[PDB]
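Contents: one structure, followed by commentary.
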Amino acid sequence: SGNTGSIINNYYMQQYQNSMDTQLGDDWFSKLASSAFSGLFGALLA
Amino acid sequence: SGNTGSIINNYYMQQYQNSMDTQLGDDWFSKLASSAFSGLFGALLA
Amino acid sequence: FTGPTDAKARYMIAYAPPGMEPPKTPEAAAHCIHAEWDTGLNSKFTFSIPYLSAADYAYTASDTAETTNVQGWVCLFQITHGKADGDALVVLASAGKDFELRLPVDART
Amino acid sequence: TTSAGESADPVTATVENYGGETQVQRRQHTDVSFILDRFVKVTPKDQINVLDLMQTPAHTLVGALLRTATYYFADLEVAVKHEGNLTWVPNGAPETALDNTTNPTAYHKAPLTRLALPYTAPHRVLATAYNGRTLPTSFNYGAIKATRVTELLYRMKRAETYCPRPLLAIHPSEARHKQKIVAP
Amino acid sequence: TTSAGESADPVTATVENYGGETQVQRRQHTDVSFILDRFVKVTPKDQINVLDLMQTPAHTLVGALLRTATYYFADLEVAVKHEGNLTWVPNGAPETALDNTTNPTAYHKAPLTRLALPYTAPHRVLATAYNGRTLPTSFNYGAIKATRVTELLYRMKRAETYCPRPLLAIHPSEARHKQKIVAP
Amino acid sequence: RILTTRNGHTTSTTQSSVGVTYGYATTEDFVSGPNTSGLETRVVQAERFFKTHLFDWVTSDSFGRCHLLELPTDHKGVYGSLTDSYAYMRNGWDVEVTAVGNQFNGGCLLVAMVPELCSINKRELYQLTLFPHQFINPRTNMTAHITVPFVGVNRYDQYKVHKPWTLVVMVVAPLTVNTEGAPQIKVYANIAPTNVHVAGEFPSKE
Amino acid sequence: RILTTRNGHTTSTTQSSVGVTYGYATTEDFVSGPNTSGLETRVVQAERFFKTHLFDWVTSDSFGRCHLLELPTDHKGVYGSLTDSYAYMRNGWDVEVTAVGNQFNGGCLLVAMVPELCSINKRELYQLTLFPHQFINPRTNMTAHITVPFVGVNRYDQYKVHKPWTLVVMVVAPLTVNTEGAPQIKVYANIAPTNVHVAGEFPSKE
Numbered sequence: 216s217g218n219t220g221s222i223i224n225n226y227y228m229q230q231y232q233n234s235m236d237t238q239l240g266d267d268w269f270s271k272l273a274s275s276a277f278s279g280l281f282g283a284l285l286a
Numbered sequence: 216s217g218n219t220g221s222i223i224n225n226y227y228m229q230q231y232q233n234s235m236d237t238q239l240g266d267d268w269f270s271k272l273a274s275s276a277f278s279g280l281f282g283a284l285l286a
Numbered sequence: 415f416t417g418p419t420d421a422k423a424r425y426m427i428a429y430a431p432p433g434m435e436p437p438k439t440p441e442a443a444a445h446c447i448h449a450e451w452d453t454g455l456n457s458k459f460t461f462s463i464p465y466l467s468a469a470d471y472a473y474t475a476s477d478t479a480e481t482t483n484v485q486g487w488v489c490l491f492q493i494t495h496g497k498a499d500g501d502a503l504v505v506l507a508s509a510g511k512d513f514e515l516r517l518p519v520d521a522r523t
Numbered sequence: 524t525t526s527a528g529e530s531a532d533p534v535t536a537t538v539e540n541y542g543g544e545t546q547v548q549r550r551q552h553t554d555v556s557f558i559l560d561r562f563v564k565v566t567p568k569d570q571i572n573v574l575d576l577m578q579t580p581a582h583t584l585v586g587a588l589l590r591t592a593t594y595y596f597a598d599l600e601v602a603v604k605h606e607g608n609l610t611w612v613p614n615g616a617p618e619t620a621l622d623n624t625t626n627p628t629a630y631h632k633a634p635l636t637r638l639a640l641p642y643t644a645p646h647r648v649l650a651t652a653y654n655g680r681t682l683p684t685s686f687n688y689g690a691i692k693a694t695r696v697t698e699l700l701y702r703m704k705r706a707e708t709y710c711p712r713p714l715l716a717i718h719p720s721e722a723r724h725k726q727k728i729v730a731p
Numbered sequence: 524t525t526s527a528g529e530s531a532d533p534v535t536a537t538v539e540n541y542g543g544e545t546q547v548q549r550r551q552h553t554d555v556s557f558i559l560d561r562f563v564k565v566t567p568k569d570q571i572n573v574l575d576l577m578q579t580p581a582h583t584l585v586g587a588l589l590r591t592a593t594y595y596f597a598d599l600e601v602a603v604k605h606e607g608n609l610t611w612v613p614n615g616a617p618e619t620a621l622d623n624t625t626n627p628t629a630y631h632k633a634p635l636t637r638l639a640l641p642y643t644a645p646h647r648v649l650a651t652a653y654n655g680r681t682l683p684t685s686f687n688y689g690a691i692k693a694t695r696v697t698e699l700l701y702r703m704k705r706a707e708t709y710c711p712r713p714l715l716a717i718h719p720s721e722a723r724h725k726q727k728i729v730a731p
Numbered sequence: 098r099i100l101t102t103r104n105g106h107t108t109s110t111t112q113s114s115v116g117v118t119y120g121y122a123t124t125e126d127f128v129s130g131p132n133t134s135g136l137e138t139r140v141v142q143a144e145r146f147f148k149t150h151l152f153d154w155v156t157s158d159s160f161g162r163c164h165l166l167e168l169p170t171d172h173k174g175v176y177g178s179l180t181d182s183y184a185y186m187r188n189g190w191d192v193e194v195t196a197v198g199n200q201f202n203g204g205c206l207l208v209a210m211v212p213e214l215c216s217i218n219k220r221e222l223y224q225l226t227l228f229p230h231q232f233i234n235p236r237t238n239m240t241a242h243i244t245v246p247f248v249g250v251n252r253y254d255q256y257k258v259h260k261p262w263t264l265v266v267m268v269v270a271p272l273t274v275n276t277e278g279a280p281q282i283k284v285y286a287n288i289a290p291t292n293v294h295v296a297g298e299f300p301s302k303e
Numbered sequence: 098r099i100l101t102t103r104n105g106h107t108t109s110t111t112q113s114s115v116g117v118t119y120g121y122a123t124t125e126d127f128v129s130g131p132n133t134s135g136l137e138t139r140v141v142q143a144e145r146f147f148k149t150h151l152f153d154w155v156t157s158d159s160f161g162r163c164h165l166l167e168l169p170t171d172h173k174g175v176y177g178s179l180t181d182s183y184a185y186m187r188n189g190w191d192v193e194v195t196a197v198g199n200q201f202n203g204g205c206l207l208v209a210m211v212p213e214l215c216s217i218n219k220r221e222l223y224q225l226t227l228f229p230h231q232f233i234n235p236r237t238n239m240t241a242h243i244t245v246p247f248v249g250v251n252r253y254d255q256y257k258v259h260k261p262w263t264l265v266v267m268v269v270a271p272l273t274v275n276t277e278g279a280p281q282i283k284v285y286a287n288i289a290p291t292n293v294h295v296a297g298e299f300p301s302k303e
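Chains as they are written, first to last, in full-length UniProt numbering: chain Z, 216 to 240, 266 to 286; chain U, 216 to 240, 266 to 286; chain A, 415 to 523; chain V, 524 to 655, 680 to 731; chain L, 524 to 655, 680 to 731; chain Y, 98 to 303; chain X, 98 to 303.
This is how it looks when you write it as structure tokens:
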């Protein structure tokens, strides 16, 4: 996902190559940047 | 495309092996050579 | 703008491209890409400095053999003001929608 | 673009305001996972080395960028130059375990040993700052030991970052910070 | 075949004009990408070497053919013999970066290091001549550094060439340039 | 009351706008007539704001004190070079006049665009409102905005010998400072030529 | 063989045309790229013929004698002022070279447009035909016409520091007068900038 560029599947199982994430029950900054006001606050002439 | 002769796909992704080209919006000399006049300008006898 | 309600002013921001010395007066800078605005209910004004260059990318670092700035100058002027002596105009910078950085490098710093 | 500056809602003006045109941008190089996913050298201790990302020098690319996150998560890779066999031990292990070979031990093989290690801390995430200067001792990725370690490099895998913090460039004495740039 | 010589429109007469027959031709060996896609040796400097295709000697096959293009594009491969670790840095990098290991660094491995590098200049294309003798410093493929570099070879990949320029053979003093040709 | 005006790659924003006064017309008359034989062209690059100081409004100025600015005026940008490269021209004007003090100043200015102004007499100032205009009253605004088209007996002009428009600013009620107002108000103009067309290219000086 | 070329309000007619050579391309590449952020504009008023004397072709000139003219060159018209008003520019060239003697002169000239020409050596002149070109052979014609697009490592240029094109005229066969030919032939150039685009307006000198 980061700086990896092999087209073949890793020889070892995922369970060994990395730690495994568990669940309970750019996210925030991406939403913040996307919500930015990008116009003019007033009336526009020509 | 040039002096490459492997029949197997490169182990690494194209995105890593080479730089990636982008688009905006032997070409010229091939057309020039192909358009060359190749006959006789006058009348031909026997 | 940070001055009190009875302090008014009119400002001008301009972008002077490389190849000629930057403007020293608002009149000379008028011929550059620029914006003028005054104070009021809304205290903030945002202006986009355009990317203008011969090449598609510019260097982030500045070379030591580079005496005159390669990418130009930003010029902030005061057109005039009404009783705004000593009042502060704070300025910030952020990346625009198409700002892009490429080619990672570790140079110390 | 005028707006209420006291607000904090982000405002992003564009060149369209004066007739320009916003272009396309490709930001793969500023992607968090991508940029942190590379080796960074650390100065090691002769034998026992606790794996701790805060050992990265603060001015390096990896060190600086890691410090712009207050909380982070990542698996790890290390490349080590060492004499004798290299033994790794997980977070929470007694130091004495560093001498027992049943714990992951890599037998010497020139010129160095590269290993993939899992996150092993008891916390859901780690931090680069902790208001409790000094970080809790449980903030580590275990420890390694060898007769002598000569080089140690860290590499963050699958990195995640939360809550940005200041990132400072060099402060110039002149109008611009000038450096000799590579040129023919 | 007679024609207006002042015109410049290409004219290609054939042997058919006098009863001959034009044959089949295979021109793979004069294909641009193919012919430039091979290693060429350059004399290196002890430590810092800016990667610059114009370092190729002008009389070599690669050097001569590259110079027949005024503008060109290509990715690159290098093969380097060096002591210590080899560090590469992209176009526009401060020279000081050559000493930091997080920039692509290859650890020594006999007998040499072969690396594939991407085009990295800020220009859409580079040039072998620039009317501004001397070329802009931004015309390069980054730089490399090692304790000592003994051999440096360049190899152009995916090459593209624009606007042909003069390509000169040796000028003979006699009626023909004679050379000893390999023979049993 | 925020108004942003754009002319080319230049913008001007005001938060104390009273609107814009359109003088004599909303649109320009025909730009291609028989006097240029179809040889005229538009020069968009000149349609942008240029600036100039007018005068300093002080408490000692009394009713009738005025300042005149004939247009076109000296221009050191592309519009100015046009007058040296072409024999005939025409354009309208987008005019913005500013007088910034604060809301504690009193008094009043009248700004007007007057055609063919060969000096005006004292009694005639009482009727300056017959011309495209707008007032600058500190308690309300700091900006006046007027937009006018090209006018004249001829479809195209020779600016070296004729100035069709004159910008005039007049004091109608004297400036008051009253302890909290600005001590004086400098008056500035931000002007942009509109719909500029040229015809008849001149030779160079070589 | 009559050819009339028009560039703006200027025309050039020849009755001894050998046609026009299009160099490297028939059309220009994209004029709006990311390096100008959509701020570029076209200036049609500059796309017209300007003139200049090159050299006098005399009988004593031998093979290889050449004359170089870097483009853009000094221009005292609108195109020239553009280089003082804008930081970035691009344009192609429509070039017409003339060498008028009569049909009783002999000899031959080669005229070519060469990109990035940092001086050329003697042996390389033998291969000048690799570049867009046309010959001037008195028995046949008095005019050479070449048209080339903008070229360069950058989509836009800074002409104060870089000249992408160089016009070159070279003697390939020496001039002969033979009793009835013209005693000498003056060579002139009639050039027009094509598709001129500018970006990045400079401040004035005020």
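Yeah, the Cβ is synthetic: ideal placement off N, Cα and C, and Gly gets one too.
- Taking a C-beta cut-off of 7 angstroms against chain L, the contacting residues of the stretch 487 to 518 of chain A are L517, listed in chain order.
- Taking 9 angstroms as the threshold, the shortest C-beta distance from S178(Y) to chain X falls below it.
- Across the structure, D470(A) and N251(X) are spaced so that their CA atoms are roughly 8 angstroms apart.
- Contact note: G297(X) reaches chain A through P431, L466, using a C-beta cutoff of 7 angstroms and chain order.
- For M577(L), no pairing in a beta bridge is given by DSSP.
- In this structure, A690(V) lies near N572(V), with their beta-carbon atoms less than 9 angstroms apart.
- Listed in chain order, the alpha helix (DSSP H) elements of length 4 or more contained wholly in the stretch 536 to 570 of chain L are 555 to 559.
- When rounded, the separation of the alpha-carbon atoms in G543(L) and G282(U) is 19 angstroms.
- Burial state of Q230(Z) is exposed, judged by a 10 Å Cβ sphere holding fewer than 16 other Cβ atoms.
- For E144(X), the CB contacts under 7 angstroms within the same chain, skipping 5 residues up- and downstream, are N104, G105, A289, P290, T291, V293 in chain order.
- Buried is the label assigned to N287(Y), since at least 16 other Cβ atoms lie within 10 Å of its Cβ.
- Excluding residues up to 5 positions away in sequence, nothing lies with its Cβ nearer than 7 angstroms to the Cβ of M228(Z) in the same chain.
- Membership of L264(X) in the beta strand (DSSP E) is indicated by the continuous run 262 to 273.
- For the C-beta of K458(A), the chain V residues within less than 9 angstroms are, from N- to C-terminus, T524, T525, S526, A527, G528, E529, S530, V534.
- Here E441(A) carries a helix assignment [DSSP, helix/strand/coil].
- Counting along the chain, the unbroken alpha helix (DSSP H) around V585(V) starts and ends at 584 to 589.
- Assigned with DSSP and collapsed to three states, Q142(X) falls in helix.
- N218(X) counts as exposed, since fewer than 16 other C-beta atoms from the protein chains shown sit within 10 angstroms of its C-beta.
- For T237(Y), the nearest beta carbon of chain V is not closer than 9 angstroms to its own beta carbon.
- Residues of chain L whose Cβ lies closer than 8 angstroms to the Cβ of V648(V) do not exist; the shortest such Cβ separation is about 24 angstroms.
- For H172(X), no CB of chain L lies under 9 angstroms from its own CB, so it is not counted at the interface with that chain.
- Against chain U, the CB of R561(L) has a partner CB under 9 angstroms away; the residue lies at that interface.
- Of the candidates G528(V), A602(V), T624(V), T681(V), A602(V) places its Cα closest to the Cα of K564(V).
- For the stretch 618 to 643 of chain V, the beta-carbon criterion of a distance under 7 angstroms to any beta-carbon of chain Z is satisfied by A639, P641, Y642.
- For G220(Z), at least one C-beta of chain U is nearer than 9 angstroms to its own C-beta.
- Straight-line measurement puts the Cα of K704(V) at about 54 angstroms from the Cα of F146(Y).
- For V612(V), the enclosing beta strand (DSSP E) covers residues 609 to 612.
- Listed as beta-bridge partners of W190(Y) by DSSP are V245(Y), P290(Y).
- Around the Cβ of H150(Y), a 10 Å sphere holds fewer than 16 other Cβ atoms; the residue is exposed.
- Rounded to whole angstroms, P261(X) and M577(L) show a C-alpha spacing of 20 angstroms.
- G135(X) reaches chain V at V538, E539, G542, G543, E544, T545, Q546, counting residues in chain order whose Cβ is nearer than 9 angstroms.
- Taking every protein chain shown into account, the CB of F127(X) has fewer than 16 other CB atoms within 10 angstroms, so this residue is exposed.
- Note on geometry: alpha-carbon atoms of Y223(X) and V538(V) lie some 51 angstroms from one another.
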